[PDB]
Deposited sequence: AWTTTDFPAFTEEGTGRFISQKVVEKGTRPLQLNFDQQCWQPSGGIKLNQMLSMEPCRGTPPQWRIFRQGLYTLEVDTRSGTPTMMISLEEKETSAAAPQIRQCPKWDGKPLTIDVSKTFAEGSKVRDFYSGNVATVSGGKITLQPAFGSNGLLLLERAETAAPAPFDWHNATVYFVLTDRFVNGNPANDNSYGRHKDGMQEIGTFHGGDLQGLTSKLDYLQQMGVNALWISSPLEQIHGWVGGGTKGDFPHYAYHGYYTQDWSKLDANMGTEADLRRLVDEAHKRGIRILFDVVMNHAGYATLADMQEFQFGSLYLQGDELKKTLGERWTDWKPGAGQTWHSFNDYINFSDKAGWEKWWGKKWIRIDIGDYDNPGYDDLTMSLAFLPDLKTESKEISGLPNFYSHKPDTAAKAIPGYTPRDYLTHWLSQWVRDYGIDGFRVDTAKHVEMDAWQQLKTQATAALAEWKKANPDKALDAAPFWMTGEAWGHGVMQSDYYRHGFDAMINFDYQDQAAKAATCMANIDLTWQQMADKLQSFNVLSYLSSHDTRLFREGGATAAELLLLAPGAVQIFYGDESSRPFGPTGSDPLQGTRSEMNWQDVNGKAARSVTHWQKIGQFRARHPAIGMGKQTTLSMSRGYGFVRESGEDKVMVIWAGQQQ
């Protein structure tokens, strides 16, 4: 095994990587790693949180400087053939002496039965109703206690679901060729609001990576055709804002060319299903995307104050190629647009389709349902008027949208979204802006989507994992843990905004979460929610030290990993929009290096959750113990005990 003087013997933490942890005092010492009589030492100096190249030991050992007392982790990685190593520091709460725990399991696991700590893989035999186990390096003092007969994931349940929420554009660029669809440009600045180039092909390439994390639902940003152009970014227009996040839809009937082809979507869904991963589309029915110079020029709608030679002089051959000059911002292009012109702006969606404070359109209302959210065109979902297609679709010959006798705007929207479910076997939707569209519209969407999936599963019996119905979760801003009227208008679970602040209060002491977990375990006996630490419209949860994984994945109800939670993806450039930094590029360089053991930690807790529906669905009994923190959860035949030894410092 791997050893160094004055550290315990290294133990495997993910295949081909071995770690050791110890509370080390301030000072200096030599650093060599031994495997049998093989000796290795850092060859290029010693820094924290960096992959250190190693050489066979020669002369005086490299001197490692301990600038701060704390729990240090040494990591050795043999997956490159030559050992590389890594050094990292973790600098009224139960305390842990770092030594083995004796656990009373007499009420949980049978006398003489074998119990596994899933995290370490250590197995103990129940004797006098007790087992003794050492929490493994990287466990943070957790024992994940299960019957040793546990061997593989339990049947999928939405009430035990591990959802991975990915902004496809900011994850993996599978094909650079499709990065600049419809004349879209990078800004050459910090790319705050641009298409980075992430696509469905790229996302498909990481399905094994997600499967290893115990992910069994993949929530993707809408892949449907967005506005082609940009608007002013943030409060100051310091960046161009493109529809990289999928929330500014223009054509519901087509895939966005940046995301890829129909074939790419079919491969993503089919390969995801092959690995027991359900697909959720992020969907919008509340609004279409903003008017952009790209779309105005392409589809011949709107009105400009620029007439004569002044037009091509100012905005150029392609208006979307305009950049702000001296004394201008990315909002300044609006100065050239005549938003008051009735005739010009009717050529866009048309008066029968949207509310907006432009031209001759129905004015937005002064309520959540009919307001124009952030000046977005509000789709008339409640309208009973037979609309025909949007006016500007007359200049969009590539659309799959067809006029249908008697159809209202809502009928088109529910038909368009349902057709993706029918054609590809999409397992569910995450519904955006749920509080801004009337309940009856969401019920219609659910009914048609349910029919669509049943039709696909019947037509594709080889591909269908089960006969489970279509699943729908919604973002109703500020929704908590309660069975609201949403649950009686087509929603199987609502996104839980309240978990984030409760997790934050347990960031420095995991045991603080107990009351929240007891409440949620009891409340969610009768319904389901989708809880998160991080989101695109809140913040990235990075205060948990190494404990974010257990804080999320041991929560009752369905849980949502925001892409990069597993790798501590940093908050990115944000400009004058405080939310933009949450959509930073996936940190793949860190995943394969300094965040490698974090990813392994997430994989272990994620896999434990996938084996045990009791976690997501079980009644909780919090244990009374003289040392540490512990609870049991039980759902049908499934029973687990989670022990947390406490803080090692």
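In this chain, the deposited residues that lack C-alpha positions fall in a single range, 92-102.
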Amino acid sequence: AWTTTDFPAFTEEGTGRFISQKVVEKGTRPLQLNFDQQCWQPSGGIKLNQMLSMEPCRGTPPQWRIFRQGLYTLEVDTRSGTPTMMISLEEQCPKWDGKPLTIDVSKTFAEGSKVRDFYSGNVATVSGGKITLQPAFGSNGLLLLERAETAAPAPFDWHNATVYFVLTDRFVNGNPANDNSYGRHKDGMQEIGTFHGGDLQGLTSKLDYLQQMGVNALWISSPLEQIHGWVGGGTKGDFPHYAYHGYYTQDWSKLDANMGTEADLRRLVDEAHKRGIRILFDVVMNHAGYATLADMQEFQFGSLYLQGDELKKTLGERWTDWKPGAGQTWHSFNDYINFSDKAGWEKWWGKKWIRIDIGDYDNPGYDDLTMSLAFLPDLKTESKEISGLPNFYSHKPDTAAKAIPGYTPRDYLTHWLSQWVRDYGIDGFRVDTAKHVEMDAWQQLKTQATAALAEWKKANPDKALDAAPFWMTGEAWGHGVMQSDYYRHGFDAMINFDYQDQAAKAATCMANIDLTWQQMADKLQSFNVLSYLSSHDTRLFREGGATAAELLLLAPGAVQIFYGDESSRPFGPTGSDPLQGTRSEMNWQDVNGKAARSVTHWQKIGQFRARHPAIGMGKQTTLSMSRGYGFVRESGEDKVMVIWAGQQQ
From here on, numbers count along this sequence of modelled residues.
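Two stretches are in play, 45-53 and 595-603, and the higher mean C-alpha B-factor belongs to 45-53. With 217-225 and 509-517 compared on mean CA B-factor from the PDB entry, the stretch scoring higher is 509-517.
Which of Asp77, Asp282, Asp251, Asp498 has the largest Cα B-factor in the deposited entry comes down to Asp77. In this entry, the residue among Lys384, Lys446, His241, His273 with the greatest C-alpha B factor is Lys384. Per-chain ranking of the deposited C-alpha B factor places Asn160 in the lowest third.
Ranked within its chain, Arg569 lands in the lowest third, by CA B factor from the PDB record. The PDB entry assigns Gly581 a C-alpha temperature factor belonging to the lowest third of its chain's modelled residues.
When the modelled residues of the chain are ordered by C-alpha B-factor, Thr621 sits in the middle third.
Ranked against the other modelled residues of its chain, the C-alpha B-factor of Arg539 as given in the entry falls in the lowest third.
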